[PDB]
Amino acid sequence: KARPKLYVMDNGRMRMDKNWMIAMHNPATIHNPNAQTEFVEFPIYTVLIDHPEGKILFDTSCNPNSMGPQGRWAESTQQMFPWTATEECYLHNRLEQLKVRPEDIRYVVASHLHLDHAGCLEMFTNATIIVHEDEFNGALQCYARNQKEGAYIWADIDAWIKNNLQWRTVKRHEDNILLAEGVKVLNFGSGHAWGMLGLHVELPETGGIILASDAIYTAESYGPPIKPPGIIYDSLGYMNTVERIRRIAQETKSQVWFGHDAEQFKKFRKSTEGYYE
């Protein structure tokens, strides 16, 4: 039986309007007609599965050259979704401390292609990049239409193409994919974005874990009841996905790891302290 080790890697912090994360979280009233929102902070992280069959990476955080005047992100983007991270937080450094080079990664699973998950895809030229086909198509249209604003970074996409990444698209109606012993890719479909992927991992000692990414921002999103994000591509799809994750967790007695939950993240054992067997 395979005895993998799973690492949680801290890739810094982001802030944005709380309305993005929880829609109409604090609506104006007759007694508060100019209601104020908040500017909340949350973690960006990635997960490495050191599996005997090969190393698997879930998400890739933000590109190190995202912020600043010479940054890849448009000015309006930087102001609405600012990212802060020290050098040791960069993905390539986190991996380095584990004695892992990018070239050692067999599979990268991209939950979706937003700026905070697909930032460092270009690094893994020796891997197969697993992504939802609808998410891929949508991003490429953004590129082709020369969209310089939004959550799809023109400069990042440019780099993927130039670096000749090897893509494996998950089809709209494609089943879950067994990646390795006790590791399965979940096809969540349209919701938060054009197409979302998750991961289910079964560890001998710790048991089952579901990586939900932005299918579920936080425990507050999860509920119940469900509290959806401010902007959504497919509201119906989003609601269905959350409830599907809940069912899976119950039936397999698995933990659910959210995309950007500050409190949950504090509890994790990170790559600087150890791993999950």
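One rule holds for the numbers: they count along the sequence shown, beginning at 1.
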property	result
Between the two ranges 107-115 and 172-180, the one averaging a larger CA B factor in the entry	172-180
210-218 or 228-236, whichever carries the higher mean Cα B-factor	228-236
Residue, from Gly191, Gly138, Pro204, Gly198, that the PDB entry assigns the highest Cα B-factor	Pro204
Chain-wide C-alpha B factor ranking for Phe42, given as lowest, middle or highest third	middle
Among modelled residues of the same chain, the CA temperature factor third for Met67	highest
Relative C-alpha B-factor of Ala151, binned into the chain's lowest, middle or highest third	highest
Lowest, middle or highest third - CA B-factor, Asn11	middle
Third assignment of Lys55 from its chain's C-alpha B-factors	middle
